[PDB]
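Using the deposited numbering, you'd call the opening residue of the sequence shown number 1 and step up by one each time. We put the CB at the ideal spot given by N, CA and C, even for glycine.
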Amino acid sequence: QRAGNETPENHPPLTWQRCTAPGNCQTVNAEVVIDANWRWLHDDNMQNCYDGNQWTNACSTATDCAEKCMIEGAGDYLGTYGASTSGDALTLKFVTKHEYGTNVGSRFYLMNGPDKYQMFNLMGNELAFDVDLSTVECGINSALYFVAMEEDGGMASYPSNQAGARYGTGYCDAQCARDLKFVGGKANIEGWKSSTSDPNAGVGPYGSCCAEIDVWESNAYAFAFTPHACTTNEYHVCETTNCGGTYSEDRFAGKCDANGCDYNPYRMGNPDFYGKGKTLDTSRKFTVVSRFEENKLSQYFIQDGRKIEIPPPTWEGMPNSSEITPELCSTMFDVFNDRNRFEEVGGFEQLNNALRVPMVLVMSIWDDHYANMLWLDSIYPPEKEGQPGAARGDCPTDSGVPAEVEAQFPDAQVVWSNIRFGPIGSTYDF
Ligand SMILES: OC[C@H]1O[C@@H](O[C@H]2[C@H](O)[C@@H](O)[C@H](O[C@H]3[C@H](O)[C@@H](O)[C@H](O)O[C@@H]3CO)O[C@@H]2CO)[C@H](O)[C@@H](O)[C@@H]1O
Ligand SMILES: OC[C@H]1O[C@@H](O[C@H]2[C@H](O)[C@@H](O)[C@H](O[C@H]3[C@H](O)[C@@H](O)[C@H](O)O[C@@H]3CO)O[C@@H]2CO)[C@H](O)[C@@H](O)[C@@H]1O
Numbered sequence: 001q002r003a004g005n006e007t008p009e010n011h012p013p014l015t016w017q018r019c020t021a022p023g024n025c026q027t028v029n030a031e032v033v034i035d036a037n038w039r040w041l042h043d044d045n046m047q048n049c050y051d052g053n054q055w056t057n058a059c060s061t062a063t064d065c066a067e068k069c070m071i072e073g074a075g076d077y078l079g080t081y082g083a084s085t086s087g088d089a090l091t092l093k094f095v096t097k098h099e100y101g102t103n104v105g106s107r108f109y110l111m112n113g114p115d116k117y118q119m120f121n122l123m124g125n126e127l128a129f130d131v132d133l134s135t136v137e138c139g140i141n142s143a144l145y146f147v148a149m150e151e152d153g154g155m156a157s158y159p160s161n162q163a164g165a166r167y168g169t170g171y172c173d174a175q176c177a178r179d180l181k182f183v184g185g186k187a188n189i190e191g192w193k194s195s196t197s198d199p200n201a202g203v204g205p206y207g208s209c210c211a212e213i214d215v216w217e218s219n220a221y222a223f224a225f226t227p228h229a230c231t232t233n234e235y236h237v238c239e240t241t242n243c244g245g246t247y248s249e250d251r252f253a254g255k256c257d258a259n260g261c262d263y264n265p266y267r268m269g270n271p272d273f274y275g276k277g278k279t280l281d282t283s284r285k286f287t288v289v290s291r292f293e294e295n296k297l298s299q300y301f302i303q304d305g306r307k308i309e310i311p312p313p314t315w316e317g318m319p320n321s322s323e324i325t326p327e328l329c330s331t332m333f334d335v336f337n338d339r340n341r342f343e344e345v346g347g348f349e350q351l352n353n354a355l356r357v358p359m360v361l362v363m364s365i366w367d368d369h370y371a372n373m374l375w376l377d378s379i380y381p382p383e384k385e386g387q388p389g390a391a392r393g394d395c396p397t398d399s400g401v402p403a404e405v406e407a408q409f410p411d412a413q414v415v416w417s418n419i420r421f422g423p424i425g426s427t428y429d430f
């Protein structure tokens, strides 16, 4: 899909820092871009190629939708989407009201120049960030993660898209982004079915698949550290039958891990470790440094200067430790009562061969129509409960309801900042 010129594209700048050794790094004058699903699509004589949850008569097929339509700069990222950067801090607003619309959650990808998002060599180094989710309530996911999208935006891989990373095209994770309106520069209009609760969404035929490492899926009641690996980690397209994820009737259908191997302290048997008032106090802002080693992913916090280690798990027959190692991913499933995709798609070796694939840093805040963040902040699937693995937070299973938590605390915000990247133990000294 080409680009439309009714709106110029202006990426807020977001400073991060490249480290070499402790108490010494190097800043990074970066910028930021919003995922391409939030912009406007039209044709030459102006009018939507996609209005609301449905496509338009203007469009007819995967191909002629890319040679006919185009995407647009985001207008003012602040007033239209709650987007707002301040030096090193990227604020993101959950519920934003404007003249004639209503943006709901968004996605942002660290850049390198207005043409390229910034690629990331994880395996052997670590990533850290300050985060203030203190008003991110039950049902919202204020997210920070890596998903191997392409460098330029997939523009050379699929030149039907001449917008490229320039306009947030190209998003892919490990659930096959079936919701995107374009994947591999083709429009997902053919057979596009509209959402049943999301007035802005729909699920497409093609999804955008690749690997995903979920350093931080959360809000102030619980967090989760979840990598996910694929039979091919790199960007890649699934086709209807060969699509799994939330968006296809067969979750584990395709080449990827949609569940991956999480570590949620609460889920692992420690209730009182993370929240408002807990050891890790989420009422206040903190530091989450996280590491990448073959067969090991470590993640520690810094609150009020102090190092805070996450508690090892509790239940019998689980590893002694908190680290995401293949002993975990193995054992996790001998008692957590869940389908082991992890071993299916390659086990922790395949993830390590995923830890070496070029990645890009997404920061985000969203609510989830298919499960109301049930899987993150409480007991899910809320079909019995009282088993190992179901309780995953301190939220009642009433919450997360899209419309509802959109009305209860619509000032909710995540605040992303003070990013640090480099070899293991460079970003801090704990
Ligand atoms: O001008 C076009 C409209 O874009 C709106 O953005 C919505 C997008 O249409 C939609 O693709 C995006 O989908 C999100 C979804 O909100 C979220 O629940 C899910 O977790 O991720 C999806 C990824 O596609 O929703 C946004 C939210 O609005 C603008 O907000 C709107 O002003 C504008 O009319
Ligand atoms: O943040 C990026 C992506 O998040 C995805 O959320 C998935 C989580 O990564 C995963 O931990 C969770 O696993 C659930 C599984 O859905 C469910 O079948 C089972 O009962 O509980 C598992 C954990 O115990 O899956 C969610 C999706 O439901 C988004 O799916 C993805 O679109 C987004 O980019």
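When the options are compared against residue i, the one with the closest alpha-carbon
i           : options                           : result
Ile365      : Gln175, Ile140 and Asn53          : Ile140
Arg18       : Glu151, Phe430, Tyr428 and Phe421 : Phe421
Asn53       : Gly245, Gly191, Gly23 and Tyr428  : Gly191
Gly389      : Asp338, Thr102, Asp179 and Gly185 : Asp338
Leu180      : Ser160, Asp152 and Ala201         : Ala201
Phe146      : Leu328, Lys186, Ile71 and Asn233  : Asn233
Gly254      : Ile419, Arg39, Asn161 and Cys209  : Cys209
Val357      : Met70, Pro271, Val32 and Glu151   : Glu151
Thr169      : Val415, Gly154 and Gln175         : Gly154
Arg341      : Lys307, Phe252, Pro423 and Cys238 : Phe252
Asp43       : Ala163, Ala36 and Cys65           : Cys65
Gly277      : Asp262, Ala222, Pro12 and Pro326  : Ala222
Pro313      : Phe301, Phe336 and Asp76          : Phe336
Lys285      : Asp304, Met363, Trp40 and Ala83   : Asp304
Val237      : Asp272, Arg267 and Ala187         : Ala187
residue 431 : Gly101, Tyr100, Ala36 and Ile189  : Residue 431 lies beyond the range of the chain shown here (1 to 430); nothing can be said about it.
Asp132      : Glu343, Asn270 and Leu92          : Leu92
Element boundaries [alpha helix (DSSP H), containing residue i]
i      : result
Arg341 : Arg341 to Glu344
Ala407 : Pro402 to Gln408
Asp377 : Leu374 to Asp377
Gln350 : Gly347 to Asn352
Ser330 : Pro326 to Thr331
Beta carbon of residue i nearer than 8 Å to that of residue j
i      : j      : result
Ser298 : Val215 : no
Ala143 : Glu217 : yes
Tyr81  : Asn48  : no
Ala128 : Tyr428 : yes
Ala74  : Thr7   : yes
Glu137 : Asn219 : yes
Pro402 : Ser197 : yes
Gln162 : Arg2   : yes
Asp394 : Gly275 : yes
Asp173 : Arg107 : no
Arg166 : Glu9   : yes
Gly4   : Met70  : yes
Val95  : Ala412 : yes
Cα-Cα separation, residue i to residue j
i           : j      : result
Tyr235      : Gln118 : 15 Å
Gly346      : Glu212 : 14 Å
residue 463 : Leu122 : There is simply no residue 463 to check, as the chain begins at 1 and stops at 430 in what is shown.
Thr27       : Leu90  : 15 Å
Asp130      : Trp55  : 39 Å
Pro114      : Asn295 : 35 Å
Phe120      : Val360 : 6 Å
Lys193      : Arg178 : 11 Å
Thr231      : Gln350 : 7 Å
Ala62       : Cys256 : 24 Å
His98       : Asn418 : 30 Å
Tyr266      : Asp272 : 8 Å
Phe182      : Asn320 : 44 Å
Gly87       : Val288 : 19 Å
Residue range of the unbroken beta strand (DSSP E) whose run includes residue i
i      : result
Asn418 : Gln413 to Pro423
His228 : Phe223 to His228
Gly305 : Per DSSP, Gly305 belongs to no beta strand (DSSP E) and is neither H nor E.
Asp130 : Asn125 to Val131
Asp214 : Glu212 to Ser218
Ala89  : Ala89 to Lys93
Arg291 : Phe286 to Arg291
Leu361 : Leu361 to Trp366
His236 : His236 to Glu239
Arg178 : Taken as a continuous stretch (DSSP letters only), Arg178 belongs to no beta strand (DSSP E), as it is neither H nor E.
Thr427 : Counting along the chain, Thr427 falls outside any beta strand (DSSP E), and DSSP gives it neither H nor E.
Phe120 : First-last for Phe120: undefined, no H or E at that position.
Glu72  : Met70 to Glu72
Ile34  : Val32 to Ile34
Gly254 : Counting along the chain, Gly254 falls outside any beta strand (DSSP E), and DSSP gives it neither H nor E.
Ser86  : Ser84 to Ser86
Proximity test, residue i beta-carbon vs ligand 4 heavy atom, cut-off 7 Å
i      : result
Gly105 : Because ligand 4 does not appear in the structure shown, any question about it cannot be addressed here, the ligands present being ligand 1 and ligand 2.
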